[PDB]
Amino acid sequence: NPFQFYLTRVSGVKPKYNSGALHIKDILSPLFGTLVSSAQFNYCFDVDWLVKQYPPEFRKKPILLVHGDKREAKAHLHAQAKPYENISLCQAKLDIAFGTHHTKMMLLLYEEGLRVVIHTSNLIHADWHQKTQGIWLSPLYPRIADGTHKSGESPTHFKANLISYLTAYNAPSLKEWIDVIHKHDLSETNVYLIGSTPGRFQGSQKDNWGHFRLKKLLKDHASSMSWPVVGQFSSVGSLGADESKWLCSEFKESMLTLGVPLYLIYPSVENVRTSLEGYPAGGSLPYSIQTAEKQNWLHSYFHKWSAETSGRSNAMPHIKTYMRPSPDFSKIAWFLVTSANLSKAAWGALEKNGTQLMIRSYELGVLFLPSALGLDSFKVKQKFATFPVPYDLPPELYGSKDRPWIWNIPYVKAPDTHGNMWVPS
C-alpha cells in the first residue's frame, strides 16, 4: 500500500474497525525488526506506561525522550524516567514564549535498518485507547553499504528535510540520530516532510517551515485544475478579531495554493458528550472560553465530527488532517497528516510587514501528493490508488443548537455516556 497511513486501534468498536489499525505495541513489535535503540519525540509522556509498550526483550535498549518540559514539569519527567537506566532525555529548546514541543515521532533503529514513524498520539494510555489518531509508517530503510557512494535521498527530499528538522534542535543527543539517518537509504520515501520549528524566518528561510513550507510544496509539486479546503484538528488557538487577520489571509492562502470554501472539523459539545469517553474526551480538546469568546466569528466554519466510514464517530479526534477535495468530495488533490492544530503557534504568523514568519512550536507532518506517486489526484476511499480518508464526507455543518467543545466551562444539564457531568475546576 503506497500510503502507509494508519489509524490507531480503538477499544470497544467491532473488530472489523480495528483490522487495519495499529496499537503502539504493534508498532514496537519484534515482527517490525530487532530493536537496538529508539527515540521518542512527543509532548506528554507516561514513562512507566511507555516502557511496557515495548516488548520485554527490547525494554532495556536505549531510549531517548525528546520533550519541551521546563522547570517543575521537567523535574517530574526526569523523576518518571530515573528508574529506567536506559532512558535519556533531550529538552528541546523553546526560546519563544508559549511554544510547545508538539511533534510526535518515533525513530526506531534496528539490526536490519531504520524506521521513522510520524503520528498524532501522546505517549499515554488514553491517547491510544478510544481516540481517532493517525500514523504514517516509513518503509524499513536499509543501511547504506559500507562501500558505496550514495545520497540515500528520495525524490521528495525527505532525508535532507528530516535532518534539517533535527538540526534545528541543536541538541547533542540528536546529532547521533542525524548521523544514523545519514547512514541509511531513505530513497523509497514517497511523502513530503512538513515541519514547524520555533523561530523567526526571513528571506528564503520562510519557505522552510509551517504553512509557507506547505505553500511552497503545493506550488512546486502540484498543479491547478472551487475545490474546498478541509482542516480537521483537536485544538484551536487565538486566530484574531476577524478572519482576515490570519485564517483567511495567510493560512487559507497557503492551503489553496496549487501550481474557495474552507471547512473546519472540530467536535461539538454533543459529539464529546456522546463519545466513547464521554466528557473526559474534552480533556484532550483544549479550547479555552477565554480564546473562544474573542472569536465567535470562527465557529460558523465549524463542522461536526463524523466517522461512520471508519466506525469512529464516537472515538474523539486527536488526529489532525488537512486536505483539498474536489467539489463533489470524490477525489483529493493532496492530504496531510500532522501534529499541527489550528493555531498561529503551530503554523506560523507573518511579522514585520510579511518579511518574517514567526513560529512558536515544534510540529511535524507528512504530505501525500499524487505527483509523488505519478498521479494527478487520489480517489477517496469511500469505506475506509485511493486514499483512506478517515472521516465522512462531505463534512456536516454544526446545527443551530451546536457549540464547539470548550474545555474549561461546565456542562451540567445533560449527562454523558457514563452518566457524568463535566465540571472543570
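For every residue, the number given is its place in the sequence shown, counted from 1.
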Q) What number of residues from the deposited sequence go unmodelled in the gap from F384 to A385, classed as none, 1 to 3, 4 to 9, or 10 or more? A) 4 to 9
Q: For the stretch from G259 to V260, please bin the deposited residues that the model skips: none, 1 to 3, 4 to 9, or 10 or more.
A: 10 or more
Q: Averaging only over Cα atoms, indicate whether 36-44 or 375-383 has the higher B-factor in the PDB entry.
A: 375-383
**Q.** 133-141 set against 173-181, stretch whose average Cα temperature factor tops the other in the entry
**A.** 173-181
Q | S234, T189, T120, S204, ranked by C-alpha B-factor: the highest one | A | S204
Q | Among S223, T309, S164, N271 - the residue whose C-alpha B-factor is largest in the record | A | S223
Q: Sort the modelled residues of this chain by their C-alpha B factor and say whether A168 lands in the lowest, middle or highest third.
A: middle
(Q) Sorting by Cα B-factor within the chain, modelled residues only, which third would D26 end up in: lowest, middle or highest? (A) middle
Q. How does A73 rank on Cα B-factor within its chain, lowest, middle or highest third?
A. highest
Q: Classify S19 as lowest, middle or highest third according to the C-alpha B-factor given in the PDB entry, relative to its own chain.
A: highest
Q. Which third of the chain does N420 land in by C-alpha B-factor: lowest, middle or highest?
A. middle
